[PDB]
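Asks: Dropping a structure here in structure tokens format, bear with me for questions.
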Amino acid sequence: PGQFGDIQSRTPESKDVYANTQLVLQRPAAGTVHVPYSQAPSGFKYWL
Amino acid sequence: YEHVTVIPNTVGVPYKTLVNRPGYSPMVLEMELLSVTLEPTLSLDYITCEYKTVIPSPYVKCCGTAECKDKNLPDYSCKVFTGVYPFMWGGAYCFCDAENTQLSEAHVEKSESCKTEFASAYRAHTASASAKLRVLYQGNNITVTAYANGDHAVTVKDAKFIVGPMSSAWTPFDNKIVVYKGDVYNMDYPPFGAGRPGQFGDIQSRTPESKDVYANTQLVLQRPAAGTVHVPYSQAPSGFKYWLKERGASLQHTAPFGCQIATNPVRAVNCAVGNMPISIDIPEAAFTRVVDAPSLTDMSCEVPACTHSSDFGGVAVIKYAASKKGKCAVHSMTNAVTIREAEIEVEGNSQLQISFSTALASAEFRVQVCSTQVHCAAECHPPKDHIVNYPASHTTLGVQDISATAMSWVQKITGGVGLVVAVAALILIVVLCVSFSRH
Amino acid sequence: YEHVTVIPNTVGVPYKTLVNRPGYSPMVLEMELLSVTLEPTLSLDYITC
Amino acid sequence: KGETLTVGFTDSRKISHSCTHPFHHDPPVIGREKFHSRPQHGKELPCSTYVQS
Amino acid sequence: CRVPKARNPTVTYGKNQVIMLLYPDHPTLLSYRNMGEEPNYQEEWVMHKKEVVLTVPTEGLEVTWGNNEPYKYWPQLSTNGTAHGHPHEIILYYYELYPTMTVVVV
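Chains as they are written, first to last, in PDB author numbering: chain A, 197 to 244; chain B, 1 to 439; chain C, 1 to 49; chain D, 107 to 159; chain E, 266 to 371.
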């Protein structure tokens, strides 16, 4: 997570996708209906 | 029966104390500090807040000469400027363009905002330390709250609890503290009436509502731009605003011993400093006579596994033959090994399982059960993990003497060298004896 | 727990390894190669006919 | 955030009027993070505001 | 006032060491203290993705990331060596855990 290769596939068209983003769902608060979460930013954008 | 023990002030860690009253079965009480609070007595010295500068319309007196008199306002300044020829939107202010003067005056007052946004400068003294203690008594989970001064005893379930005095008088708060909102800082704030410009305390009052205000802003009136009626001045910016930007870290983040800092009231929470004596008056009803208690025989212990993980990574199984069904207290006979369970149940011919935590590379300890002891030992393995989010349940390894077994290498080397010395000494002694007799 | 072993490349022959993790009952795994393929990367030089 | 403040209005003759005065505007940090807008999700801390009354 | 909470860092561990990879959106204050006699307080602002390596003392380390609740870390007595076995394995075991006493005693 947060590093190059965090998401991988063998070919651009492949449906077989590996992902490790450490996605964690967080609790909503103050009467809102949102779905907050903590996830590592794409390692691709960071690498670029 | 009065039982007195001492536990560390570390919060969130249980401790076991063995109650030994002859003629009665041994009892084990489990105690854990839930909260320790050190609340200092404070005396307010003064309030620091943002100041406002008050400038009444300038008096423009042309043809004649203006003058002013001294006033007793907190930082009053007055000056008269000559040779002024001011203009207004419709033209020159007045008829004559020579020998004119302008009267400018200004003073400093506390801002209305000082009622909401301010820092309080306090002197701190002693702290009324108190704590909330969890006690496992007769299998029941009960709590008490009392001052840690060896006084203010609290009785629960007919058991009288006295806590303290604290073994340490250390506090994160020094003699002079400043409390913004939820933040407390240790700083040597200036004496009241001796504040300095551009620095915290440049404007001071004893209370937020007080009309008695000290100010030192170095307010100096300057000559107005030609053709204008404005009143320029040079004044140090509020030291309060500078302080807010340059506050730095508060005690909540910098305090030693992991102290948590809270305000309203100001207090330090769960400081891991020193220890706390505890005295418990235990009712006779809580004691069972050894003749009435279960007795165990033919006891033996084995250890299926042991890891010194710092979280009860050891497990031990003890076989017993009970004289009758009932409950028995369990206590370690060493400080190197702590047993999680305070008590177990015994019935007929069976085995009990308990967990333990140790710093030892190899565990060698005795386990005491109702009127009996069993020696138990095994090799322990290291943990795979390096870091945990909890404090160790066991104590420190201590001074070398408790090192790993299979240390016979030390004894073999020491013995081998000691033997060589003993033999060499004997050879010399025999020769000296023969030499002595010969003349 | 990371367990590292080495087995022969002979295909159709099972090998067993013991996983020793202190505090836990010993585990035994059996591994057998069903197929091993060595696929060369080729570059065509020419066709003859 | 900016270094100057300008205020103005339109006249009855449709003439624009304004006044520019130097002013350092850079609000204090609330909490331990520097943010430019309030989040959908977060924590609440004490602060001071002006009441609309 | 409502304030944001910085993303949970990616955390890995070493010997008496905590390694964090930080993912700020905006400048975020990182600070930590020892939980013993000398807190050795340190702090820095992080304006970009950064890897920070912290040393954890016997008494434990407390780390605060932005507006998030503080993390506490304590070391375990882990080794690459082992107790028992060969004499050289034993020295390594104790050296790694108690490198100061091991050298003096030996």
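No residue lacks a Cβ here, since even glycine has one placed at the ideal position from N, Cα and C.
#1: Can you check whether the C-beta of B:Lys245 is within less than 8 Å of a C-beta belonging to chain D?
#2: Using a Cβ cut-off of 7 Å, pull out every chain A residue sitting near E:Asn332, in sequence order please.
#3: Taking only runs that begin and end inside the stretch 218-249 of chain B, name each unbroken alpha helix (DSSP H) of 4 or more residues, in chain order.
#4: Using a Cβ-Cβ cut-off of less than 7 Å, give me the residues of the stretch 131-156 of chain D that come near chain B, in sequence order.
#5: Would you be able to state if there are at least three C-beta pairs under 8 Å between the stretch 218-237 of chain A and the stretch 354-365 of chain B?
#6: Using a beta-carbon distance below 8 Å, is E:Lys314 in contact with chain A?
#7: Are any of the Cβ atoms in chain E nearer than 8 Å to that of B:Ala249?
#8: When you compare only the Cα positions, how much space is there between B:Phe161 and B:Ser111?
#9: Applying the 10 Å Cβ sphere with the 16-neighbour rule, what's the burial state of C:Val13?
#10: Taking the beta strand (DSSP E) that D:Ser124 belongs to, which residues open and close that run?
#11: According to DSSP, which residues form a beta bridge with B:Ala98?
#12: Ignore the nearest five residues each way along the sequence and tell me which others in D:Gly137's own chain have a CB closer than 6 Å to its CB.
#13: Could you work out which residues of chain E lie near A:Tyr214, taking near to mean beta carbons separated by less than 7 Å?
#14: So the candidates are B:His381, B:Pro294, B:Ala329, B:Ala321; which of them puts its Cα closest to the Cα of B:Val369?
#15: Within the stretch 378-416 of chain B, note down every full beta strand (DSSP E) run reaching 3 residues or more, in order along the chain.
#16: Looking at the C-beta of A:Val231, does it have a partner C-beta in chain E at a distance below 8 Å?
#17: Chain E partners of A:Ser234, CB-CB under 7 Å?
#18: Taking contact to mean at least 3 C-beta pairs separated by less than 8 Å, is the stretch 82-93 of chain B in contact with the stretch 25-32 of chain B?
#19: Under the three-state reduction of DSSP, which class applies to B:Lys79: helix, strand or coil?
#20: Could you check whether B:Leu38 and B:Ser120 sit closer than 8 Å to each other, using their CB atoms as the reference points?
#21: Between the C-alpha atoms of B:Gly415 and B:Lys325, what's the straight-line distance to the nearest angstrom?
#22: Taking the C-alpha atoms as reference points, what is the distance between A:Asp212 and A:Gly201?
#23: What residues from chain B crowd round E:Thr344, counting only those whose CB sits closer than 8 Å?
#24: Is B:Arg223 close to the ligand SAM? I mean its beta-carbon at under 7 Å from any heavy atom of the ligand.
#25: What residues match up with B:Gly12 in a beta bridge as DSSP calls it?
#26: Report the rounded CA-to-CA distance for B:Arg134 versus B:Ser300, giving the unit in angstroms.
#27: Have a look at B:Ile203 and E:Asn305 and give me their C-alpha separation to the nearest angstrom.
#28: Using DSSP with H/G/I as helix, E/B as strand and the rest coil, what is B:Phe356?
#29: Who are the near neighbours of A:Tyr214 in its chain, counting only those whose CB is closer than 8 Å to its CB and skipping five residues on each side?
#30: Using 8 Å as the limit for Cβ to Cβ distance, is A:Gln199 near chain D?
#31: Taking 8 Å as the threshold (C-beta atoms), are E:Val268 and D:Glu139 in contact?
#32: Go ahead and label E:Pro289 buried or exposed: buried means 16 or more other beta carbons lie within 10 angstroms of its beta carbon, across all protein chains shown.
#33: By DSSP, does B:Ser43 sit in helix, in strand, or in coil?
#34: Who does B:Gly314 pair with in a DSSP beta bridge?
#35: Output yes if chain B places a C-beta closer than 8 Å to the C-beta of C:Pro22; else output no.
#36: Taking B:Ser130 and B:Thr145 to be in contact with their CB atoms under 8 Å, please state how far apart those CB atoms are, rounded to whole angstroms.
Replies: Let's see:
#1: yes
#2: What E:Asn332 touches in chain A: nothing, since even the nearest Cβ is about 13 Å away.
#3: 239-245
#4: Interface annotation for the stretch 131-156 of chain D against chain B: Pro134, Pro152, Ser154, criterion Cβ-Cβ distance under 7 Å.
#5: no
#6: yes
#7: yes
#8: 51 Å
#9: exposed
#10: 122-131
#11: In DSSP, B:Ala98 forms no bridge with anything.
#12: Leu151
#13: Under the 7 Å cutoff, chain E gives no residues; its nearest Cβ is about 17 Å from A:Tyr214.
#14: The shortest C-alpha separation from B:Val369 is found at B:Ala329.
#15: Taking 3 residues as the minimum length, the stretch 378-416 of chain B contains no beta strand (DSSP E) run wholly inside it.
#16: no
#17: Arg272, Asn273
#18: no
#19: In this structure, B:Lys79 counts as strand in the three-state DSSP scheme.
#20: no
#21: Each residue's CA atom was taken as its position, placing B:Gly415 and B:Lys325 some 51 Å apart.
#22: 14 Å
#23: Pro382
#24: With respect to the ligand SAM, the structure offers nothing, as it holds no ligand at all.
#25: According to DSSP, B:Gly12 bridges with nothing at all.
#26: 33 Å
#27: 34 Å
#28: The answer is strand: DSSP assigns B:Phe356 an E or B state.
#29: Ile203, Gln204, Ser205
#30: no
#31: yes
#32: buried
#33: Reduced to three states, the DSSP call for B:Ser43 is strand.
#34: Per the DSSP secondary-structure output, B:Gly314 pairs in a beta bridge with B:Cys306, B:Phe356.
#35: yes
#36: 7 Å
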